[PDB]
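Presented as structure tokens, the chain that follows is alone, the form deposited in one PDB entry.
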């Protein structure tokens, strides 16, 4: 009887940060209550000032990472304020039935709904908006995030031993398809209905104009670089709701990787790069061994360095000359 279970209210945080949770479940199964408010908003996505009309869960691209344990119930109150213009819904790849929830969560502006589903499978999973007939437009406008369903006894390695992270980050990777005129400059639009056909045309090229982490070129750099210390164990959850990606930590590895995100499977060890298929979340665990700057990229390096799919870690601590050293510095 679900009414007999504890309820716990989660207050979400903005990516790449993740709301507080316990890796090993400290309670029995619970109804975990989340609220998200849809926000349609202008977002500047590149250094040139390109501005799009983003469609967001909770004001961010990606939407926030939700975290529960296997066999918890996820109860989401989804709010579509009357300041928005479009119909929206939500599909959880973690859920079973009704198109992941999408068939049950269609909200016009000025409406809300509450969905509950049982998180029966452990893993990281995409969630995204999916209104009938408009699905890729909403997803590729930024309306996607992820949910992590932890095993009740936390993560395990390929031998069944515990893997415990000290820090977790959520990197959402977004492909945008900003319409171009025949000279190649972006077009802008006066209403969503006036934008729709050229959004479809742009999408049908299958060639993103921008591929970004955390909603914009450079978002995970500078004062917003990811951080760690030598010796810290970091889990990086990475999602891509629409297109394949191939994450890579420049100067590091994925020590344990669930490339397709599902924790009942043993992780892949020692990865340089891994393929997260479009429509999937994956997760990589790494223990930092060296300080300094790292780049975390999609290793289509054009996508990373020309289109935006690159962020940084800043790692503090002691340099290990046994692992790497300059024997003779560059010289004539």
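For clarity, a rigid core is taken as the largest C-alpha set superposing within 1.5 Å between two forms. Numbering follows the first chain given and starts at 1.
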Higher avg CA temperature factor (100-108 vs 168-176, as deposited) belongs to 100-108
If you average the CA temperature factors as listed in the entry, which stretch comes out higher, 42-50 or 270-278? 42-50
Based on what the PDB entry reports, which of 262, 243, 224, 210 has the top C-alpha B-factor? 224
Out of 299, 26, 69, 289, highest CA B-factor residue: 26
B-factor third for the C-alpha atom of residue 231 within its chain: middle
Residue 116: C-alpha B-factor third of its chain, per the entry, is the middle
How does residue 92 rank on Cα B-factor within its chain, lowest, middle or highest third? lowest
Would you mind checking where the Cα B-factor of residue 309 ranks among the modelled residues of its chain, as the lowest, middle or highest third? lowest
Should residue 250 be placed in the lowest, middle or highest third of its chain by the C-alpha B factor in the entry? middle
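The same protein has a further form, the form deposited in another entry, not shown here; the description that follows concerns it.
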Rigid core as reference, CA moved 2 Å or more between the shown form and the other one - which of 85, 120, 161, 191? 191
Could you tell me whether the Cα atom of residue 223 shifts by at least 2 Å between the shown form and the other one after core superposition? no
Core-superposed C-alpha of residue 132 shifting 2 Å or more between the shown form and the other one: no
